[PDB]
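Given next are two forms of a protein chain, the same chain in both, each as structure tokens and marked structure 1 or structure 2.
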Structure 1
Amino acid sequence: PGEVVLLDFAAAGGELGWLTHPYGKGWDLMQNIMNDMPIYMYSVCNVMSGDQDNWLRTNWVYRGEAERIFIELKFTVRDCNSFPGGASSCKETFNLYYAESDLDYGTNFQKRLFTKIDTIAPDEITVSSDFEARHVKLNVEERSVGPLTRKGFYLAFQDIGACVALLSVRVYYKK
């Protein structure tokens, strides 16, 4: 009721383009069409492929009146035991960051300007029998940041070698 939404990935219906770095090697915009409605997600799953440091940054969001924003994530993480021999290079977490700016820097992404909010861990991993039966465990996690002081902000997601699908990213403030 009293919430004002500033960013909503799933409501955009695949139309938000989030920046990825390194380009073409990590996070990817995916779709699933097994229901009446298409489902979109940002996914990465380079679990047995050497060290990973894959970044995904949102579009610029004008904060307006918001002083404190609340960030709600919905996501799946596959069990590292789904991947044979990967008990060393496979992870089940990813990291959430943000940055404030008075202008949209566009494709200029400088990870050095971003502040870490938290490591995001799944309450429930999706095990192989789930995945193979098309029955994922969707996690829901919320964080907040503030006071905000510039005109707008970005969120970013860092993958360190997990098998993660981001299905919902909703940012709001309370009026």
Structure 2
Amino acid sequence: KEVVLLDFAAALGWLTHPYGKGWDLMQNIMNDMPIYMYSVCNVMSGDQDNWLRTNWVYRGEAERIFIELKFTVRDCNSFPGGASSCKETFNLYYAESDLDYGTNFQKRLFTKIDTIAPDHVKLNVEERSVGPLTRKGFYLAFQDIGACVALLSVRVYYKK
């Protein structure tokens, strides 16, 4: 039985560091129900280190969590003239905590789970897992290093 801890597409207050110039919330709030997506596309600028951090998530009885990501990646060749700093990967991180950090964030406190690879707008579904988890809760975070990516769905579950 999959027990869902987090389902982004189904409804957040996610932290972006930097705010504005890094990951950006895309939204349609003009219809019956909202569509939200975080994206980033600083493929020209170099030295990108853009962070997106989920809300705090309760661990409950989970020991191994599964993280399912759906996302687009635009290929670096599709940017005219060359995008020499463009990447087609991004990184998946997490941190455990017995307490809500609120808006406090430091990338150095997070532990890498994996580089996420796609293997001209390419659709992707990737799943990773991590455990054992032991604390009251945890955060996930996404580090962008200069890719052009829209996050469509983030689902975290464990198996009971």
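Rigid core (definition): largest C-alpha set, two forms, superposition within 1.5 Å. Each residue is numbered by where it sits in the sequence of structure 1, with counting from 1.
Visitor: Does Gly146 shift between structures 1 and 2 by 2 angstroms or more at the C-alpha, the core having been superposed?
Guide: Moves: no, less than 2 Å.
Visitor: Take the rigid core as the frame of reference and indicate whether the C-alpha of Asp36 shifts by 2 Å or more between structures 1 and 2.
Guide: It does shift by 2 Å or more.
Visitor: Using a rigid core alignment, state whether the CA of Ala87 is displaced by 2 Å or more between structures 1 and 2.
Guide: The answer is yes, as the C-alpha of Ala87 shifts between structures 1 and 2 by 2 Å or more after core alignment.
Visitor: Hey, core superposed, how many Å does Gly106 shift at the CA between structures 1 and 2?
Guide: Its C-alpha shift, to one decimal, is 0.6 Å.
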